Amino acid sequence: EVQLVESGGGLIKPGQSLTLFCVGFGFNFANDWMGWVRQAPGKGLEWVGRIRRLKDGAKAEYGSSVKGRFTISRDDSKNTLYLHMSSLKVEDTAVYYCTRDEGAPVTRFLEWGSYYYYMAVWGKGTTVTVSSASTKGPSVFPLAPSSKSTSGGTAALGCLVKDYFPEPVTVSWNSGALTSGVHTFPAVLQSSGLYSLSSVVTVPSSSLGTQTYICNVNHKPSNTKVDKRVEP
């Protein structure tokens, strides 16, 4: 029952400092290498750093992108691993995973003393968003069905949910009565630092102008709720 649980994540502004925590359960924490890996939105995994066990001197080492700005520390008495971050930048926005690492000995004679290092157990991750944006509710615009949004006998319609911060927004159609054929896209981060997404649905062209379509947009961080009727 080896378990790792990260916490401390959230919103923070560029230039500021933040500490992430990871508590380990079900293993002898004091005896292990421990570390951190991150994944920026839409990107791959990236190693952040590691710390050796206290018995071997507790040296911490870091990935190239974070050296000089982060410190990894440990408190074996509490089975807790820390990532102390400073001088944060927008590109540090990522999910941060805590890892229990191991080194397996290399058995080729000429490489004795060497080891294979790997991330053996990972936590589910804590999200850090680094941004100078302030809370802003979305503007909702219709994506109206017309001849240009018809394919065969199918019409597409939707809502563009633009310029909000922070995530997330939720979208439903007709108060949840319409789910068939709906796609609500993942949000993108725009150059402005505000998020945007669209939600669309495809329907028979024969349904237009009899059937009502209303998108229901909720943004809990601004406590805003918007219903937008979408007409041809």
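Throughout, we count residues from 1 along the sequence that is shown.
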{"item": "Mean temperature factor over C-alpha atoms, higher-scoring stretch between 118-126 and 141-149", "value": "141-149"}
{"item": "Entry-level comparison of average CA B-factors, 34-42 and 63-71, reporting the higher stretch", "value": "63-71"}
{"item": "Top Cα B factor in the deposited entry, candidates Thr93, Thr154, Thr99, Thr107", "value": "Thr107"}
{"item": "Selection from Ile51, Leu178, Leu194, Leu197 [criterion: highest C-alpha temperature factor in the record]", "value": "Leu178"}
{"item": "Chain third (lowest, middle, highest) by recorded CA B-factor, residue given as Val5", "value": "middle"}
{"item": "Cα B factor band for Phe25 (lowest, middle or highest third within the chain)", "value": "highest"}
{"item": "CA B-factor placement of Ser134, once the chain's modelled residues are sorted into thirds", "value": "highest"}
{"item": "Relative C-alpha B-factor of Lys89, binned into the chain's lowest, middle or highest third", "value": "highest"}
{"item": "Third assignment of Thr19 from its chain's C-alpha B-factors", "value": "lowest"}
